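One structure is given here, and the rest of the page talks about it.
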Amino acid sequence: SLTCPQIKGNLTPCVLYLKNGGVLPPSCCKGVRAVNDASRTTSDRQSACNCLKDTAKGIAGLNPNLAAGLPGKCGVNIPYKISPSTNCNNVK
């Protein structure tokens, strides 16, 4: 599993997009995919969610529709939303 600093690093190329939309850089989607790909266990998924939530809290003006739709744009299903207030502790 990725550590939280690793998950944050994977998300840096997403920041502008996550605020404003427009061009979704492929390096962003590569990072989202990396997170999902490393999330093998249920705890891994809860932990990734909790890191992403903190990550989202730290992006001033993050748009929660863009964040919700980002994994699907990247061909990723993560079974929670990236948001500053997700209940991560119930993820399966």
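Heads up, the Cβs are rebuilt from the backbone with ideal geometry, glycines too, and the neighbour counts pull from every protein chain shown. Bear in mind that the values in this text are calculations on the coordinates, not laboratory data.
Multiplying the residue separation of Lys8 and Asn65 by 0.36 nm and subtracting their alpha-carbon distance yields 18.6 nm.
When each of the peptides 81-89, 46-54 is scored by the mean number of other C-beta atoms lying within 10 Å of its residues, the order from highest to lowest reads 46-54, 81-89.
Would you mind calculating the relative contact order of the chain from Cα pairs under 8 angstrom and at least 6 residues apart, reporting the percent as a whole number? With pairs under 8 Å counted, the relative contact order is 33 percent.
Taking the Cα centre of the range 1-53 as origin, work out the dipole magnitude from +1 charges on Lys and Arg Cβ and -1 charges on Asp and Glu Cβ, in debye rounded to 20.
Computed charge dipole of the range 1-53: roughly 60 debye.
Potential lengthening of the chain between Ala38 and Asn89 amounts to 16.6 nm, from the contour at 0.36 nm per residue minus the alpha-carbon distance.
Put the Cα centre of the range 50-72 next to the Cα centre of the range 1-26 and the gap is 9 Å. Based on the Kirkwood radius over alpha-carbon pairs, what value in µm²/s does the Stokes-Einstein equation return for the translational diffusion coefficient of the chain at 37 °C and 0.692 mPa s? This corresponds to a translational diffusion coefficient of 258 µm²/s.
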